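**Q** Provided herewith: entry_39.cif, mmCIF, C-alpha atoms and all ligand atoms.
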data_protein
loop_
_atom_site.group_PDB
_atom_site.id
_atom_site.type_symbol
_atom_site.label_atom_id
_atom_site.label_comp_id
_atom_site.auth_asym_id
_atom_site.auth_seq_id
_atom_site.Cartn_x
_atom_site.Cartn_y
_atom_site.Cartn_z
ATOM 1 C CA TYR A 16 -7.793 -0.634 10.903
ATOM 2 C CA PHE A 17 -8.739 -2.547 7.665
ATOM 3 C CA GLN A 18 -11.693 -2.311 5.229
ATOM 4 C CA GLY A 19 -14.092 -5.098 4.189
ATOM 5 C CA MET A 20 -15.373 -8.108 6.080
ATOM 6 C CA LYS A 21 -13.494 -9.380 9.127
ATOM 7 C CA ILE A 22 -11.004 -11.988 7.937
ATOM 8 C CA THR A 23 -8.123 -11.571 10.344
ATOM 9 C CA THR A 24 -4.547 -12.688 10.411
ATOM 10 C CA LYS A 25 -5.684 -16.003 11.832
ATOM 11 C CA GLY A 26 -7.393 -17.115 8.614
ATOM 12 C CA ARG A 27 -4.931 -15.349 6.380
ATOM 13 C CA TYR A 28 -1.796 -16.761 8.013
ATOM 14 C CA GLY A 29 -3.567 -20.121 8.237
ATOM 15 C CA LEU A 30 -3.822 -19.929 4.496
ATOM 16 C CA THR A 31 -0.171 -18.942 4.212
ATOM 17 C CA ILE A 32 0.775 -22.047 6.243
ATOM 18 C CA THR A 33 -1.377 -24.535 4.341
ATOM 19 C CA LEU A 34 -0.416 -23.121 0.976
ATOM 20 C CA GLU A 35 3.282 -23.429 1.813
ATOM 21 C CA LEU A 36 2.686 -27.012 2.960
ATOM 22 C CA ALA A 37 0.774 -27.598 -0.312
ATOM 23 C CA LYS A 38 3.693 -26.312 -2.381
ATOM 24 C CA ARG A 39 6.145 -28.507 -0.505
ATOM 25 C CA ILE A 40 4.343 -31.836 -0.562
ATOM 26 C CA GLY A 41 6.979 -34.534 -0.995
ATOM 27 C CA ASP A 42 9.724 -32.533 0.745
ATOM 28 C CA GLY A 43 9.074 -34.093 4.167
ATOM 29 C CA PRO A 44 8.095 -32.207 7.293
ATOM 30 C CA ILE A 45 8.297 -28.435 7.025
ATOM 31 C CA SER A 46 9.112 -26.508 10.156
ATOM 32 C CA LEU A 47 7.092 -23.511 11.304
ATOM 33 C CA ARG A 48 10.397 -21.710 11.926
ATOM 34 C CA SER A 49 11.184 -21.972 8.194
ATOM 35 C CA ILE A 50 7.741 -20.684 7.099
ATOM 36 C CA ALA A 51 7.980 -17.875 9.692
ATOM 37 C CA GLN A 52 11.503 -16.858 8.500
ATOM 38 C CA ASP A 53 10.483 -17.101 4.814
ATOM 39 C CA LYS A 54 7.352 -14.942 5.202
ATOM 40 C CA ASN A 55 8.610 -12.545 7.928
ATOM 41 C CA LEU A 56 5.944 -13.787 10.358
ATOM 42 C CA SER A 57 6.059 -14.595 14.060
ATOM 43 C CA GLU A 58 6.843 -18.224 14.609
ATOM 44 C CA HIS A 59 5.223 -18.093 18.065
ATOM 45 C CA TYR A 60 2.025 -16.735 16.475
ATOM 46 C CA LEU A 61 1.995 -19.502 13.785
ATOM 47 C CA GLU A 62 2.401 -22.065 16.576
ATOM 48 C CA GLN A 63 -0.916 -20.810 17.866
ATOM 49 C CA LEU A 64 -2.625 -21.239 14.509
ATOM 50 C CA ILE A 65 -1.261 -24.705 13.719
ATOM 51 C CA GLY A 66 -3.155 -26.385 16.619
ATOM 52 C CA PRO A 67 -6.664 -25.926 15.257
ATOM 53 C CA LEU A 68 -5.410 -26.972 11.782
ATOM 54 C CA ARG A 69 -3.853 -30.116 13.245
ATOM 55 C CA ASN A 70 -6.877 -30.948 15.377
ATOM 56 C CA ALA A 71 -9.157 -30.580 12.304
ATOM 57 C CA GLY A 72 -6.941 -33.004 10.288
ATOM 58 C CA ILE A 73 -5.733 -30.412 7.786
ATOM 59 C CA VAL A 74 -2.081 -30.763 8.780
ATOM 60 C CA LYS A 75 -0.094 -33.423 10.607
ATOM 61 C CA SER A 76 2.837 -32.950 12.977
ATOM 62 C CA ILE A 77 6.010 -35.048 13.049
ATOM 63 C CA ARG A 78 8.069 -34.614 16.233
ATOM 64 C CA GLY A 79 11.848 -34.427 16.583
ATOM 65 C CA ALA A 80 14.850 -32.657 15.085
ATOM 66 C CA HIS A 81 13.825 -33.323 11.496
ATOM 67 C CA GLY A 82 10.086 -32.869 12.228
ATOM 68 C CA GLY A 83 7.553 -30.224 11.474
ATOM 69 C CA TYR A 84 4.290 -30.285 9.596
ATOM 70 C CA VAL A 85 2.916 -31.736 6.375
ATOM 71 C CA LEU A 86 -0.413 -31.129 4.608
ATOM 72 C CA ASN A 87 -2.739 -33.967 5.540
ATOM 73 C CA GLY A 88 -4.663 -34.391 2.326
ATOM 74 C CA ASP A 89 -4.974 -33.562 -1.304
ATOM 75 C CA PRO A 90 -4.661 -29.839 -2.114
ATOM 76 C CA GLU A 91 -7.267 -30.513 -4.845
ATOM 77 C CA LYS A 92 -9.797 -31.529 -2.146
ATOM 78 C CA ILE A 93 -8.973 -29.186 0.755
ATOM 79 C CA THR A 94 -10.929 -25.911 0.450
ATOM 80 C CA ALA A 95 -10.437 -22.284 1.478
ATOM 81 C CA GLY A 96 -13.514 -22.801 3.700
ATOM 82 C CA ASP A 97 -11.844 -25.724 5.515
ATOM 83 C CA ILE A 98 -8.962 -23.499 6.528
ATOM 84 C CA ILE A 99 -10.710 -20.142 7.083
ATOM 85 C CA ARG A 100 -13.615 -21.479 9.162
ATOM 86 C CA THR A 101 -11.168 -23.530 11.276
ATOM 87 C CA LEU A 102 -9.167 -20.412 12.194
ATOM 88 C CA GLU A 103 -11.702 -17.532 12.136
ATOM 89 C CA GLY A 104 -14.664 -16.966 14.241
ATOM 90 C CA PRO A 105 -18.013 -16.735 12.426
ATOM 91 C CA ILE A 106 -17.549 -14.199 9.604
ATOM 92 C CA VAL A 107 -20.485 -11.824 9.064
ATOM 93 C CA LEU A 108 -20.919 -10.783 5.426
ATOM 94 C CA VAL A 109 -23.754 -8.430 6.164
ATOM 95 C CA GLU A 110 -26.099 -7.684 9.012
ATOM 96 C CA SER A 111 -29.788 -7.096 8.381
ATOM 97 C CA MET A 112 -31.394 -4.098 10.126
ATOM 98 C CA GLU A 113 -34.474 -4.578 12.382
ATOM 99 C CA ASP A 114 -36.921 -2.801 10.061
ATOM 100 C CA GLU A 115 -35.793 -4.664 6.921
ATOM 101 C CA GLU A 116 -38.276 -6.685 5.016
ATOM 102 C CA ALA A 117 -38.089 -9.934 3.058
ATOM 103 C CA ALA A 118 -37.140 -8.210 -0.248
ATOM 104 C CA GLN A 119 -33.953 -6.783 1.277
ATOM 105 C CA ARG A 120 -33.149 -10.008 3.097
ATOM 106 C CA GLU A 121 -33.265 -11.824 -0.260
ATOM 107 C CA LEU A 122 -30.376 -9.717 -1.444
ATOM 108 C CA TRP A 123 -28.360 -10.587 1.631
ATOM 109 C CA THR A 124 -29.284 -14.281 1.255
ATOM 110 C CA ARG A 125 -27.978 -14.297 -2.314
ATOM 111 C CA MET A 126 -24.746 -12.510 -1.470
ATOM 112 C CA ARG A 127 -24.166 -14.895 1.477
ATOM 113 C CA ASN A 128 -24.866 -17.983 -0.677
ATOM 114 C CA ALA A 129 -22.465 -16.660 -3.294
ATOM 115 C CA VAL A 130 -19.510 -16.021 -0.992
ATOM 116 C CA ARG A 131 -20.061 -19.206 0.967
ATOM 117 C CA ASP A 132 -19.952 -21.142 -2.284
ATOM 118 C CA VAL A 133 -16.632 -19.605 -3.243
ATOM 119 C CA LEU A 134 -15.177 -20.730 0.149
ATOM 120 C CA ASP A 135 -16.633 -24.183 -0.208
ATOM 121 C CA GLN A 136 -15.661 -24.823 -3.822
ATOM 122 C CA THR A 137 -12.238 -23.127 -4.115
ATOM 123 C CA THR A 138 -9.376 -25.492 -3.271
ATOM 124 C CA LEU A 139 -5.806 -24.945 -2.238
ATOM 125 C CA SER A 140 -4.902 -26.095 -5.800
ATOM 126 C CA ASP A 141 -7.182 -23.451 -7.287
ATOM 127 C CA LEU A 142 -5.415 -20.830 -5.201
ATOM 128 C CA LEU A 143 -1.877 -21.986 -6.049
ATOM 129 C CA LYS A 144 -2.744 -21.693 -9.812
ATOM 130 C CA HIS A 145 -4.295 -18.229 -9.239
ATOM 131 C CA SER A 146 -5.498 -17.894 -12.792
ATOM 132 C CA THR A 147 -8.396 -15.347 -12.408
ATOM 133 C CA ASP A 148 -7.688 -11.700 -13.370
ATOM 134 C CA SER A 149 -7.872 -9.734 -10.082
ATOM 135 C CA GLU A 150 -8.744 -6.465 -11.974
ATOM 136 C CA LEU A 151 -6.830 -4.495 -9.338
ATOM 137 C CA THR A 152 -5.033 -1.975 -11.562
ATOM 138 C CA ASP A 153 -3.375 -0.964 -8.246
ATOM 139 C CA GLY A 154 -4.055 -0.854 -4.521
ATOM 140 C CA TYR A 155 -5.437 -3.530 -2.309
ATOM 141 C CA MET A 156 -9.188 -3.046 -2.315
ATOM 142 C CA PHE A 157 -11.682 -5.491 -3.668
ATOM 143 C CA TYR A 158 -14.704 -3.393 -4.541
ATOM 144 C CA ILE A 159 -18.018 -5.011 -5.201
ATOM 145 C CA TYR B 16 -22.006 -0.079 15.149
ATOM 146 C CA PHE B 17 -22.962 -2.873 12.635
ATOM 147 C CA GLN B 18 -21.206 -6.071 11.449
ATOM 148 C CA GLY B 19 -20.335 -7.067 7.864
ATOM 149 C CA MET B 20 -19.425 -4.972 4.854
ATOM 150 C CA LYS B 21 -20.326 -1.283 4.763
ATOM 151 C CA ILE B 22 -23.746 -0.974 3.141
ATOM 152 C CA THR B 23 -25.251 2.013 4.896
ATOM 153 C CA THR B 24 -28.702 3.439 5.206
ATOM 154 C CA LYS B 25 -28.185 5.221 1.911
ATOM 155 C CA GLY B 26 -28.221 2.016 -0.148
ATOM 156 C CA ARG B 27 -30.674 0.272 2.113
ATOM 157 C CA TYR B 28 -33.245 3.077 2.184
ATOM 158 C CA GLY B 29 -32.631 3.576 -1.538
ATOM 159 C CA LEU B 30 -33.740 0.010 -1.921
ATOM 160 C CA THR B 31 -36.748 0.615 0.308
ATOM 161 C CA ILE B 32 -37.766 3.539 -1.944
ATOM 162 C CA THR B 33 -37.343 1.751 -5.269
ATOM 163 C CA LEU B 34 -39.007 -1.402 -4.029
ATOM 164 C CA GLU B 35 -42.033 0.568 -2.834
ATOM 165 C CA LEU B 36 -42.173 2.330 -6.209
ATOM 166 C CA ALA B 37 -41.891 -1.117 -7.866
ATOM 167 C CA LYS B 38 -44.830 -2.450 -5.856
ATOM 168 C CA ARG B 39 -46.950 0.564 -6.729
ATOM 169 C CA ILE B 40 -46.404 0.788 -10.468
ATOM 170 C CA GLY B 41 -49.697 1.859 -12.024
ATOM 171 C CA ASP B 42 -50.849 3.799 -8.946
ATOM 172 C CA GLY B 43 -49.481 7.135 -10.197
ATOM 173 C CA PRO B 44 -46.886 9.246 -8.437
ATOM 174 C CA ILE B 45 -46.016 8.128 -4.925
ATOM 175 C CA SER B 46 -44.980 10.779 -2.459
ATOM 176 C CA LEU B 47 -41.870 10.478 -0.311
ATOM 177 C CA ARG B 48 -43.989 11.611 2.652
ATOM 178 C CA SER B 49 -46.147 8.482 2.239
ATOM 179 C CA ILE B 50 -43.143 6.108 2.007
ATOM 180 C CA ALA B 51 -41.533 7.871 5.003
ATOM 181 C CA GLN B 52 -44.757 7.595 7.101
ATOM 182 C CA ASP B 53 -45.307 3.954 6.039
ATOM 183 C CA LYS B 54 -41.761 2.824 6.909
ATOM 184 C CA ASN B 55 -41.121 5.122 9.921
ATOM 185 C CA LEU B 56 -38.257 6.852 8.090
ATOM 186 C CA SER B 57 -37.227 10.493 7.850
ATOM 187 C CA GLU B 58 -38.814 12.135 4.872
ATOM 188 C CA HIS B 59 -36.069 14.789 4.820
ATOM 189 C CA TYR B 60 -33.442 12.017 4.683
ATOM 190 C CA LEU B 61 -35.258 10.219 1.790
ATOM 191 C CA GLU B 62 -35.356 13.543 -0.069
ATOM 192 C CA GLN B 63 -31.585 13.411 0.014
ATOM 193 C CA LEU B 64 -31.465 9.909 -1.435
ATOM 194 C CA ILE B 65 -34.009 10.455 -4.214
ATOM 195 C CA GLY B 66 -31.781 12.963 -6.103
ATOM 196 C CA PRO B 67 -29.070 10.529 -7.156
ATOM 197 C CA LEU B 68 -31.780 7.972 -8.084
ATOM 198 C CA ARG B 69 -33.558 10.569 -10.215
ATOM 199 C CA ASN B 70 -30.367 11.817 -11.839
ATOM 200 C CA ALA B 71 -29.397 8.205 -12.731
ATOM 201 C CA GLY B 72 -32.828 7.625 -14.388
ATOM 202 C CA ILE B 73 -34.029 5.050 -11.865
ATOM 203 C CA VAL B 74 -36.969 7.162 -10.708
ATOM 204 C CA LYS B 75 -38.842 10.104 -12.187
ATOM 205 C CA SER B 76 -40.387 13.059 -10.367
ATOM 206 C CA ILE B 77 -43.781 14.610 -11.108
ATOM 207 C CA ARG B 78 -44.271 18.059 -9.548
ATOM 208 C CA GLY B 79 -47.398 19.484 -7.927
ATOM 209 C CA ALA B 80 -50.051 18.581 -5.369
ATOM 210 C CA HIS B 81 -50.689 15.132 -6.809
ATOM 211 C CA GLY B 82 -46.999 14.555 -7.691
ATOM 212 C CA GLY B 83 -44.253 12.436 -6.294
ATOM 213 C CA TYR B 84 -42.108 9.731 -7.797
ATOM 214 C CA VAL B 85 -42.542 6.710 -10.044
ATOM 215 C CA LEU B 86 -40.095 3.922 -10.943
ATOM 216 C CA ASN B 87 -38.572 4.774 -14.303
ATOM 217 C CA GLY B 88 -38.208 1.337 -15.808
ATOM 218 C CA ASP B 89 -39.033 -2.303 -15.613
ATOM 219 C CA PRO B 90 -38.477 -3.873 -12.173
ATOM 220 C CA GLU B 91 -37.412 -7.012 -14.102
ATOM 221 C CA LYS B 92 -34.498 -5.047 -15.642
ATOM 222 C CA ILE B 93 -33.430 -2.707 -12.819
ATOM 223 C CA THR B 94 -30.830 -4.394 -10.571
ATOM 224 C CA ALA B 95 -29.777 -4.196 -6.924
ATOM 225 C CA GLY B 96 -26.410 -2.960 -8.266
ATOM 226 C CA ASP B 97 -28.088 -0.059 -10.109
ATOM 227 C CA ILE B 98 -29.562 1.200 -6.864
ATOM 228 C CA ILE B 99 -26.802 0.348 -4.357
ATOM 229 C CA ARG B 100 -23.888 1.706 -6.408
ATOM 230 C CA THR B 101 -25.871 4.903 -7.122
ATOM 231 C CA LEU B 102 -26.337 5.585 -3.395
ATOM 232 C CA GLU B 103 -23.259 4.048 -1.696
ATOM 233 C CA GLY B 104 -19.706 4.943 -2.014
ATOM 234 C CA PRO B 105 -17.374 2.198 -3.272
ATOM 235 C CA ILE B 106 -18.058 -0.885 -1.119
ATOM 236 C CA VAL B 107 -14.961 -2.863 -0.093
ATOM 237 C CA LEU B 108 -15.617 -6.598 0.250
ATOM 238 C CA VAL B 109 -12.140 -7.365 1.453
ATOM 239 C CA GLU B 110 -8.798 -5.643 1.621
ATOM 240 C CA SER B 111 -5.618 -7.491 0.712
ATOM 241 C CA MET B 112 -2.649 -7.117 3.090
ATOM 242 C CA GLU B 113 0.745 -5.859 1.784
ATOM 243 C CA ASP B 114 2.569 -9.178 2.220
ATOM 244 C CA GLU B 115 -0.155 -11.263 0.534
ATOM 245 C CA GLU B 116 0.700 -13.270 -2.486
ATOM 246 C CA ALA B 117 -1.181 -14.210 -5.648
ATOM 247 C CA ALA B 118 -2.718 -17.390 -4.122
ATOM 248 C CA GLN B 119 -4.512 -15.371 -1.434
ATOM 249 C CA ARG B 120 -5.521 -12.653 -3.874
ATOM 250 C CA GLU B 121 -7.220 -15.327 -6.006
ATOM 251 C CA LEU B 122 -9.553 -16.059 -3.142
ATOM 252 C CA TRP B 123 -10.443 -12.402 -2.810
ATOM 253 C CA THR B 124 -10.896 -12.115 -6.598
ATOM 254 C CA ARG B 125 -13.374 -14.997 -6.571
ATOM 255 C CA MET B 126 -15.350 -13.679 -3.620
ATOM 256 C CA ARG B 127 -15.489 -10.202 -5.232
ATOM 257 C CA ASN B 128 -16.615 -11.632 -8.601
ATOM 258 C CA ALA B 129 -19.292 -13.637 -6.816
ATOM 259 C CA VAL B 130 -20.833 -10.778 -4.843
ATOM 260 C CA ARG B 131 -20.590 -8.355 -7.735
ATOM 261 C CA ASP B 132 -22.484 -10.834 -9.880
ATOM 262 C CA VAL B 133 -25.284 -11.087 -7.350
ATOM 263 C CA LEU B 134 -25.641 -7.245 -7.422
ATOM 264 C CA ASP B 135 -25.547 -7.162 -11.185
ATOM 265 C CA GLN B 136 -27.938 -10.032 -11.862
ATOM 266 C CA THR B 137 -30.533 -9.680 -9.066
ATOM 267 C CA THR B 138 -33.449 -7.448 -10.072
ATOM 268 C CA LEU B 139 -36.029 -5.547 -8.112
ATOM 269 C CA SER B 140 -38.497 -8.264 -9.278
ATOM 270 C CA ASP B 141 -36.246 -10.980 -7.878
ATOM 271 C CA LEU B 142 -36.223 -9.172 -4.550
ATOM 272 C CA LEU B 143 -39.992 -8.590 -4.404
ATOM 273 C CA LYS B 144 -40.542 -12.388 -4.925
ATOM 274 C CA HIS B 145 -37.915 -13.189 -2.244
ATOM 275 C CA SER B 146 -38.079 -16.907 -2.825
ATOM 276 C CA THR B 147 -34.620 -18.066 -1.513
ATOM 277 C CA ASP B 148 -34.490 -19.637 1.986
ATOM 278 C CA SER B 149 -32.508 -17.155 4.136
ATOM 279 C CA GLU B 150 -31.451 -19.970 6.582
ATOM 280 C CA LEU B 151 -31.551 -17.450 9.435
ATOM 281 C CA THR B 152 -33.188 -19.574 12.144
ATOM 282 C CA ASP B 153 -33.101 -16.269 14.104
ATOM 283 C CA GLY B 154 -31.087 -13.077 14.416
ATOM 284 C CA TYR B 155 -29.865 -10.800 11.716
ATOM 285 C CA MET B 156 -26.431 -12.066 10.765
ATOM 286 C CA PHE B 157 -25.490 -13.465 7.420
ATOM 287 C CA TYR B 158 -22.526 -15.706 8.118
ATOM 288 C CA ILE B 159 -20.357 -16.921 5.315
HETATM 289 CL CL CL C 201 -5.989 -9.448 12.944
HETATM 290 CL CL CL C 202 -25.509 4.528 7.966
#
Rewrite the structure from the file as C-alpha cells, please.

**A**
Amino acid sequence: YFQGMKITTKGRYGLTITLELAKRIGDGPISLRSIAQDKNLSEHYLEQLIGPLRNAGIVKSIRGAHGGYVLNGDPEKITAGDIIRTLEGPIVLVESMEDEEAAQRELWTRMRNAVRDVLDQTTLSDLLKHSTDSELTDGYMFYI
Amino acid sequence: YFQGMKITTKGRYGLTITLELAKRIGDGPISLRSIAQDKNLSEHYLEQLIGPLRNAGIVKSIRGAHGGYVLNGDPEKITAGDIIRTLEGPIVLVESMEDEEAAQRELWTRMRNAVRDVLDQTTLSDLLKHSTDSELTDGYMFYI
C-alpha cells in the first residue's frame, strides 16, 4: 500500500528497462534475463512489459541466441511520458468534487498542466544525468 | 473513495472559505453560517477549519452579532499553498520504491518541484479569475 498518485510497477519497471537500454546503447541486444538478474526483478514480469514498449516503437527486439532488445531511438528525444503512458493506465493527479467551482478547478488545471509538462519534456537523457537536488534528506516521500 | 493525490475536504473547504472571503472583501465580516448555508456545507465542520486559518493570519475574526471573518491580506499575495498546507497534512505526490535509482528519483523530483511551484505561485486572485482551459470535456478527473 503506497502513497501518492498511482504509478505502478508497470511504468516504473518500464522505466528501469528503457533506462538500462539507454545506458547500453552500442553494446548490441540486451536480454531481459540480464536486466532481471541485475535488478532483482521477475524476468517473466518484464516480458509482459516489453510488448507495449516494442509495439509503440520505443524498443526493438532481435531474435535468437545473441538477441534481446535495444532502445529504438535517441535517449535525448524519448520522454518519460512516452514510456509511462505506454505502460500505465490513465494516471489521475487529482479528482474534482461535484460541488467544486471554477476557482478550485483552476488549481487542479494548473497542477495537471505542470506535471504533464514534466512527463512530456523530461527525456531519458535528463533522467540518466539526474542533476536536480531531490531535497529528500531521508525517506522516500515526495511532498508537495 | 477518491482518485489522485490526497487533498481532503480540509484543504478544499479551506479554499472555499478563503475564496468566498476574497470575493466579499469590503462587505464587512462574513459569517461561517452564511458560507455554510450558501455552499451546503456543515457550519460546525467549517468552524474546525477556520482556527488554523486564523492562527496562520490568513483570516481574522470579529466577535459579536455582526461579526464573522474577513480575509486578512491581499488575494493577489495569498497563495493556494498558504491555505492548503495550513489545512492538510503533508501531501505526498509520489513515493519512491526502495530499489529505485537516481534516474527514477529525478523524475519524481521534477514532478514535485512542478506541483509545489503551482501551489506557491498561484494566488487566490488567480483562482477567482480561473482563466486556464481545464480541458475536461466531461467528468472530474485530471489526468496527467
Ligand atoms: Cl503495482
Ligand atoms: Cl476528506

**Q** Could you give me the residues within 9 Å of ligand CL 202 (chain C), counting all atoms listed in the file, as a list in words?

**A** residues 21, 22, 23, 24, 25, 26 and 27 of chain B

**Q** Using only C-alpha atoms and a distance of at most 6 Å, pull out the residues of chain B that contact chain A, as a PDB file with C-alpha atoms, in the coordinates of the input.

**A**
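File produced: result32.pdb:
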ATOM      1  CA  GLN B  18     -21.206  -6.071  11.449  1.00  0.00           C
ATOM      2  CA  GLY B  19     -20.335  -7.067   7.864  1.00  0.00           C
ATOM      3  CA  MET B  20     -19.425  -4.972   4.854  1.00  0.00           C
ATOM      4  CA  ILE B 106     -18.058  -0.885  -1.119  1.00  0.00           C
ATOM      5  CA  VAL B 107     -14.961  -2.863  -0.093  1.00  0.00           C
ATOM      6  CA  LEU B 108     -15.617  -6.598   0.250  1.00  0.00           C
ATOM      7  CA  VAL B 109     -12.140  -7.365   1.453  1.00  0.00           C
ATOM      8  CA  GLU B 110      -8.798  -5.643   1.621  1.00  0.00           C
ATOM      9  CA  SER B 111      -5.618  -7.491   0.712  1.00  0.00           C
ATOM     10  CA  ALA B 118      -2.718 -17.390  -4.122  1.00  0.00           C
ATOM     11  CA  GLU B 121      -7.220 -15.327  -6.006  1.00  0.00           C
ATOM     12  CA  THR B 124     -10.896 -12.115  -6.598  1.00  0.00           C
ATOM     13  CA  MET B 126     -15.350 -13.679  -3.620  1.00  0.00           C
ATOM     14  CA  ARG B 127     -15.489 -10.202  -5.232  1.00  0.00           C
ATOM     15  CA  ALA B 129     -19.292 -13.637  -6.816  1.00  0.00           C
ATOM     16  CA  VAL B 130     -20.833 -10.778  -4.843  1.00  0.00           C
ATOM     17  CA  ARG B 131     -20.590  -8.355  -7.735  1.00  0.00           C
ATOM     18  CA  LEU B 142     -36.223  -9.172  -4.550  1.00  0.00           C
ATOM     19  CA  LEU B 143     -39.992  -8.590  -4.404  1.00  0.00           C
ATOM     20  CA  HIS B 145     -37.915 -13.189  -2.244  1.00  0.00           C
ATOM     21  CA  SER B 149     -32.508 -17.155   4.136  1.00  0.00           C
ATOM     22  CA  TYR B 155     -29.865 -10.800  11.716  1.00  0.00           C
ATOM     23  CA  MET B 156     -26.431 -12.066  10.765  1.00  0.00           C
ATOM     24  CA  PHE B 157     -25.490 -13.465   7.420  1.00  0.00           C
ATOM     25  CA  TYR B 158     -22.526 -15.706   8.118  1.00  0.00           C
ATOM     26  CA  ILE B 159     -20.357 -16.921   5.315  1.00  0.00           C
TER      27      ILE B 159
END

**Q** Within 7 Å of residue 47 of chain A, counting only C-alpha atoms, which residues qualify if same-chain residues fewer than 6 places away don't, as a PDB file with C-alpha atoms, keeping the file's coordinate frame?

**A**
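In the end it all went to result_6.pdb:
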ATOM      1  CA  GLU A  58       6.843 -18.224  14.609  1.00  0.00           C
ATOM      2  CA  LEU A  61       1.995 -19.502  13.785  1.00  0.00           C
ATOM      3  CA  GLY A  83       7.553 -30.224  11.474  1.00  0.00           C
TER       4      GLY A  83
END

**Q** Pick from A:66, A:75, A:38, A:60: nearest to ligand CL 201 (chain C), with only C-alpha atoms and all ligand atoms counted?

**A**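 Closest residue, counting only C-alpha atoms and all ligand atoms: A:60.
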
**Q** Using all atoms of segment 138-156 of chain A that appear in the file, construct an axis-aligned enclosing box with 3 Å of padding on every side and provide its centre coordinates and edge lengths in Å, rounded to one decimal, as JSON.

**A**
{"center_x": -5.6, "center_y": -13.5, "center_z": -7.8, "size_x": 13.5, "size_y": 31.2, "size_z": 17.1}

**Q** Please, what distance in Å, to one decimal, runs between atom CA of residue 101 of chain A and atom CA of residue 16 of chain A?

**A** 23.1 Å

**Q** From the list A:102, A:85, A:36, A:80, which residue is nearest ligand CL 201 (chain C) when using all atoms listed in the file?

**A** A:102

**Q** In Å, how far is it from atom CA of residue 103 of chain B to atom CA of residue 136 of chain B?

**A**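 Distance reported for this atom pair: 18.0 Å.
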
**Q** For the atom pair atom CA of residue 91 of chain A and atom CA of residue 79 of chain A, what is the interatomic distance in Å to one decimal place?

**A**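 Atom CA of residue 79 of chain A lies at a distance of 29.0 Å from atom CA of residue 91 of chain A.
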
**Q** Counting all atoms listed in the file, which residue out of A:52, A:152, A:42, A:37 sits closest to residue 74 of chain A?

**A** A:37

**Q** Point out the residue among A:88, A:44, A:29, A:153 with the least atom-to-atom distance to ligand CL 201 (chain C), counting only C-alpha atoms and all ligand atoms.

**A**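 With only C-alpha atoms and all ligand atoms as the atom set, the closest residue is A:29.
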